[PDB]
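A.B. asks: Would you mind keeping the following structure in view while I ask a few things?
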Amino acid sequence: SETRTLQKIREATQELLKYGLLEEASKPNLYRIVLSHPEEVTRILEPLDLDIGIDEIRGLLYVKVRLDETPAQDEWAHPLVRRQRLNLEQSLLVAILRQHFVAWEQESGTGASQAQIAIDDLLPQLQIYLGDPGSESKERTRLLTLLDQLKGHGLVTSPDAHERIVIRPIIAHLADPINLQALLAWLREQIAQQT
Amino acid sequence: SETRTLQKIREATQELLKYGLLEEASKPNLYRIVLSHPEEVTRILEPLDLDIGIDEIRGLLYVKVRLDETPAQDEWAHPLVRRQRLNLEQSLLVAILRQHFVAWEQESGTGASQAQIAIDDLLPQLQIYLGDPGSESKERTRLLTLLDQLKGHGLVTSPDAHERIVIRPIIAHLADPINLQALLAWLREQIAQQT
Amino acid sequence: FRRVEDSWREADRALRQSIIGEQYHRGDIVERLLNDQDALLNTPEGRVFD
């Protein structure tokens with residue numbers, strides 16, 4: 040009867056609402072289609088108060104809440120986007136990854152292919168703020184499970200066969216990056232104070 | 040250029056998608072809103088491959104998968120379906136609940152008040168099939184676990200103070216003639232394999 | 199006592215395993231319900247214990 044929305048755009052919208060972000064580096068077809076039909080996607084998503092913010096420089100899309108410009112509701116609330124607060128370890132790990140990504144961008148430029156970081160590099164850095172939980176096996180398992188948890192949010196790729204990881208471009212658009220820097224520096228200073 | 044869907048419709052459809060189903064018995068102000076503009080809601084849900092399904096007799100609205108212009112596939116392979124495929128032992132309890140619902144419905148008519156069943160009546164029914172472990176505590180825990188897993192599908196509320204559970208009217212659609220015929224065919228095929 | 203209870207918990211399964219096997223018949227239900235007599239009556243021990 041009525042016209043049906045194109046198959047590719049339907050696939051794009053469903054995938055984008057499932058994972059929360061596309062990437063040209065891992066889904067070139069779908070990413071290309073959405074940028075060629077920005078009005079169509081933004082129209083499909085507008086009724087839900089959802090909207091896509093496009094980052095051409097890093098070749099990344101992500102779903103963001105659309106709600107109106109600074110109404111009496113200073114902080115947005117949305118039935119679907121359930122806000123979450125990461126636990127301490129996740130926050131510190133995200134701060135470390137944020138710092139690494141920013142540092143690499145400072146050298147290779149914005150949007151440069153992220154250098155692969157070895158798992159071994161991260162363990163000493165977490166040990167600064169968490170000490171040694173008791174064994175190398177325990178700490179490595181903790182790091183692996185934390186990276187698996189973060190992969191859900193799309194911040195990092197899964198460890199490869201050589202036990203390295205990559206930092207997804209999404210980490211640049213976190214909610215409030217000032218929170219990471221302040222907390223990280225605060226603990227980094229407290230450890231020196233107490234030692 | 041920019042036209043927003045009526046904010047009332049946006050609110051109603053967002054709540055409907057959040058919960059999966061809507062009722063006049065709990066949220067009349069939204070049930071009426073959706074029931075007055077079904078075309079708008081179906082077209083908004085059209086891109087996601089989700090379609091409304093209306094029940095004026097009982098006061099129930101629910102969202103269901105689509106297949107048009109993409110036949111076959113599998114309903115549960117859809118990317119947004121967030122819950123696992125139904126389990127056989129769960130479908131047994133579903134059948135028992137549906138039997139109680141048909142009894143109550145044919146006694147009091149359709150849509151008259153709410154259908155209720157006491158936990159007491161459900162323990163014996165399962166005791167025929169699942170076997171008796173000789174411990175009321177363990178089989179009570181098993182029944183409560185099954186009911187909780189069914190609350191994840193929206194067929195029943197949790198036990199309340201009097202150890203009673205409401206059978207949400209959505210069950211009338213989950214197990215109806217066509218689906219029951221398919222289930223019977225599959226079960227007979229399994230029995231034939233067993234021989 | 200603990201065998202009278204076992205007999206009663208066995209004359210009940212042998213009833214719901216027939217109410218469900220009679221996918222087409224009604225007599226074996228109304229014949230019981232219309233009678234106010236104990237529907238789960240099990241003479242071989244129930245009629246002694248009583």
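Residue numbers (PDB author numbering), protein chains in the order written: chain I, 40 to 234; chain H, 40 to 234; chain j, 199 to 248.
Ideal Cβ placement from N, Cα and C applies to all residues, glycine included.
1) What's the C-alpha gap between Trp225/H and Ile48/I?
2) Less than 7 Å between C-beta atoms, sequence neighbours within five positions excluded: which residues of the same chain meet that for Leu119/H?
3) Anything in chain H within Cβ reach of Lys190/I, meaning under 9 Å, just list it in chain order.
4) Three-state secondary structure (DSSP) at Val80/H?
5) Determine the chain H residues that contact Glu54/I at a beta-carbon separation under 7 Å, and present them in chain order.
6) Does the count of Cβ pairs from the segment 122 to 141 of chain H and the segment 72 to 92 of chain H closer than 8 Å reach three?
7) What's the C-alpha gap between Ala151/I and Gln232/I?
8) Quick one, are the C-beta atoms of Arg207/I and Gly191/I less than 8 Å apart?
9) Could you check what DSSP says for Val195/H in three-state terms: helix, strand or coil?
10) Output yes or no for whether 8 Å exceeds the beta carbon distance between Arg179/I and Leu162/I.
11) Going by other Cβ atoms of all chains shown within 10 Å of its Cβ, with 16 needed for buried, is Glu62/H buried or exposed?
12) Beta-carbon within less than 6 Å of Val104/H's beta-carbon, same chain only, minus the 5 sequence neighbours each way: which residues are those?
13) When DSSP labels each residue in this structure, what does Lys66/I get in the three-state scheme?
14) Taking contact to mean 3 or more Cβ pairs, one atom from each stretch, closer than 8 Å, check whether the segment 91 to 110 of chain H and the segment 208 to 216 of chain H are in contact.
15) Could you give the DSSP three-state label for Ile230/H: helix, strand or coil?
16) Can you give me the C-alpha to C-alpha distance between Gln138/H and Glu203/j, rounded to a whole angstrom?
17) Step through the CB atoms of chain H and report whether any lies within less than 8 Å of the CB of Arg224/j.
18) Can you check which of these residues, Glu146/H, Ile83/H, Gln129/H, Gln220/H, is closest to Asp187/H by C-alpha distance?
19) I'd like to check one pair, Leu185/H with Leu132/H: are the Cβ atoms closer than 8 Å?
20) Quick check on this structure: which residue in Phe199/j, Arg200/j, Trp206/j, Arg201/j has the alpha carbon closest to the alpha carbon of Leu239/j?
21) Cβ of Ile158/I within 8 Å of Cβ of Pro198/I?
22) Taking C-alpha atoms, which residue in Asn218/I, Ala214/I, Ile156/I lies nearest to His201/I?
23) Ignore the nearest five residues each way along the sequence and tell me which others in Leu60/I's own chain have a CB closer than 7 Å to its CB.
24) Would you grab the beta carbon distance between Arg245/j and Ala237/j for me? Rounded to a whole angstrom, and I think it's under 8 Å.
25) Indicate the three-state DSSP secondary structure (helix, strand or coil) for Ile96/I in the structure shown.
26) Have a look at the DSSP bridge pairing and note the partners of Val102/H.
27) Can you check DSSP and say which residues form a bridge with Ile204/I?
28) Using a Cβ cut-off of 8 Å, pull out every chain j residue sitting near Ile167/H, in sequence order please.
29) At the 8 Å Cβ level, is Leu131/I part of the contact set with chain H, yes or no?
30) Helix or strand or just coil, what does DSSP make of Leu127/H?
31) For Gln221/j, count neighbouring Cβ atoms within 10 angstroms of its own Cβ and tell me buried if that reaches 16, exposed if not.
32) Hey, quick one: how far does the alpha helix (DSSP H) through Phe199/j stretch, first residue to last?
33) How close, in whole Å, do the beta carbons of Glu79/H and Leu69/H come, if the pair is a contact with beta carbons under 8 Å?
34) Kindly give me the distance between the Cβ atoms of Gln215/j and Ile167/H, rounded to whole angstroms, as I take these residues to be in contact under 8 Å.
35) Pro172/I lies in the alpha helix (DSSP H); which residues open and close that run?
36) What in chain I is Cβ-close to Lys57/H, meaning under 9 Å?
C.D. replies: The relevant details are as follows:
1) 35 Å
2) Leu87
3) Within 9 Å Cβ-Cβ: nothing; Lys190/I doesn't reach chain H, min ~18 Å.
4) helix
5) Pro118
6) no
7) 37 Å
8) no
9) strand
10) yes
11) buried
12) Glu114, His117
13) coil
14) yes
15) helix
16) 29 Å
17) no
18) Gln129/H
19) yes
20) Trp206/j
21) yes
22) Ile156/I
23) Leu99, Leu100, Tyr101, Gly193, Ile209
24) Actually they are not in contact, since the Cβ atoms of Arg245/j and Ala237/j sit about 15 Å apart, beyond 8 Å.
25) coil
26) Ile91/H
27) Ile156/I
28) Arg211, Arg214, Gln215, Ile218
29) no
30) helix
31) exposed
32) From DSSP, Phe199/j is part of no alpha helix (DSSP H); its letter is neither H nor E.
33) Not a contact, Cβ separation roughly 14 Å.
34) 7 Å
35) Segment: none, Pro172/I is in no alpha helix (DSSP H) and carries neither H nor E.
36) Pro118, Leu119
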